[PDB]
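Line order of the protein sequences matches chains A and B.
Each number in the entry's author numbering corresponds to the 1-based position in the first sequence with 151 added.
Each number in the entry's author numbering corresponds to the 1-based position in the second sequence with 151 added.
Input: a single structure, listed below in structure tokens.
There are 2 protein chains.
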Amino acid sequence: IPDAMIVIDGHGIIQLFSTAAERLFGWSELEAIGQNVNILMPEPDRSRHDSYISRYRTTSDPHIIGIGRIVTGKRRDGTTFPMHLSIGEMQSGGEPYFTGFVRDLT
Amino acid sequence: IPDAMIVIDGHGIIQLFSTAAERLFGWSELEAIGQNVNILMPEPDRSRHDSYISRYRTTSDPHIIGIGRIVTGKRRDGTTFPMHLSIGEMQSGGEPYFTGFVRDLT
Ligand code: HEM
Ligand code: HEM
Ligand SMILES: [Cl-]
Numbered sequence: 152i153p154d155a156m157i158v159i160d161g162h163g164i165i166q167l168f169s170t171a172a173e174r175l176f177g178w179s180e181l182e183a184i185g186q187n188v189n190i191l192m193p194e195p196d197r198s199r200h201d202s203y204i205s206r207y208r209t210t211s212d213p214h215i216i217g218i219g220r221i222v223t224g225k226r227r228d229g230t231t232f233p234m235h236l237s238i239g240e241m242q243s244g245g246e247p248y249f250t251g252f253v254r255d256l257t
Numbered sequence: 152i153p154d155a156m157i158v159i160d161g162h163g164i165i166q167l168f169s170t171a172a173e174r175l176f177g178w179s180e181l182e183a184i185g186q187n188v189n190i191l192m193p194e195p196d197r198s199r200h201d202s203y204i205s206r207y208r209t210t211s212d213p214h215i216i217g218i219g220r221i222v223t224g225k226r227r228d229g230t231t232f233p234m235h236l237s238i239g240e241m242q243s244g245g246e247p248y249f250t251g252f253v254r255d256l257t
């Protein structure tokens, strides 16, 4: 069974939500697509997350991309869990997309 | 954004296989994982595909990465189809992975 996988666009909007992401986070892919990825985390990260993406696009200075971090995730039901996050960047049709891989540490 | 997404490791081994990829290629994620991505393409690309990955790891000079290409995919039943392929490079746990988006052009 693989880890959860999520794809966002350059403004943090979820574009793809894997089957393992559905199970872990509780949202169906249809529900998750079109929402900001910030729904998947507690405060204060949630309020700050757009700024993290914007800063990266401005500076190209990675903090988690290619680096990884243990962080706290938040499920649809409101409960939280420890998770490892890896992130990649790619271009498709001239626009940036970020792919995140989420390992449930519980 | 194409709906079909495939993730491979630095040796071409499938790590993740999204639901649209499963539908398009006719393989379960549970079955695709651990197989070489070369199962998804006809010859001659199939038997050259490892060399493409290894040459990229050597040179860091993209061919398809960041650019895209129309290529031929192969379903489990042997039938083929035109597809647009987009690819990005990423790192997780200090190892390279490749994120591929597949657009069926049928
Ligand atoms: C769901 C739990 C998540 C948490 C708690 C979280 C938290 C964070 C934090 C704290 C940063 C800033 C790092 C720093 O400046 O110290 C960050 C950056 C970023 N995150 Fe999230 N994130 C989560 C999920 C995701 C996912 C799933 C993606 C991609 C699909 C993603 C994409 C990004 C991007 C593109 C950046 C900016 C690049 C970078 O700083 O390396 N995040 N995230
Ligand atoms: C299934 C249909 C596919 C076909 C027919 C195909 C074919 C090719 C071709 C023709 C090249 C360029 C060879 C050259 O430079 O001479 C290539 C390179 C490459 N492909 Fe595949 N590919 C397919 C799927 C994928 C997928 C899904 C991924 C990733 C998940 C992937 C990862 C790579 C990588 C990492 C390279 C080398 C880097 C680059 O070209 O920039 N391929 N592939
Ligand atoms: Cl990582």
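Where is the CB? At the ideal position from N, CA and C, for every residue including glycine.
Over the uninterrupted beta strand (DSSP E) stretch that includes residue i, give me the two end residues.
i	result
A/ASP160	155-160
A/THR257	Careful: A/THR257 lies outside any beta strand (DSSP E) and carries neither H nor E.
Please report whether the beta-carbon of residue i lies at a distance below 8 Å from any beta-carbon of chain A.
i	result
B/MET241	yes
B/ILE184	yes
B/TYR203	no
B/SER237	yes
Along chain A, in chain order, which residues have C-beta atoms closer than 7 Å to that of residue i?
i	result
B/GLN166	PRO153
Along chain B, in chain order, which residues have C-beta atoms closer than 8 Å to that of residue i?
i	result
A/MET156	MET156, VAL158, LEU167, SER169
A/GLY219	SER243, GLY244
Check the C-beta distance from residue i over to residue j and give it rounded, since I have them as a contact under 8 Å.
i	j	result
residue 296 of chain B	B/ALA172	Look at the range of chain B in this structure, 152 to 257, and you will see that residue 296 of chain B is not part of it.
A/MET234	B/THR250	That pair is no contact at about 19 Å.
B/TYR248	B/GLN166	7 Å
B/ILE221	B/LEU191	Not quite, the Cβ-Cβ distance comes to about 15 Å (not below 8 Å), so this is no contact.
B/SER202	A/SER169	Their Cβ separation, rounded to whole angstroms, is 29 Å, which puts B/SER202 and A/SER169 out of contact at 8 Å.
A/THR231	A/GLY224	7 Å
B/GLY219	B/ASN189	20 Å between Cβ atoms; not a contact.
A/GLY177	A/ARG254	That belief does not hold up - the Cβ atoms of A/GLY177 and A/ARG254 are roughly 17 Å apart, past 8 Å.
For residue i, decide whether its Cβ has a neighbour in chain B, counting only Cβ atoms nearer than 8 Å.
i	result
A/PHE252	yes
A/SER211	no
A/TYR248	yes
Applying a beta-carbon distance threshold of less than 9 Å, which residues of chain B neighbour residue i?
i	result
A/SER179	What A/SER179 touches in chain B: nothing, since even the nearest Cβ is about 11 Å away.
Length at least 4, wholly inside the region 169-239 of chain A: the alpha helix (DSSP H) runs in chain order: 170-176, 180-183, 196-210
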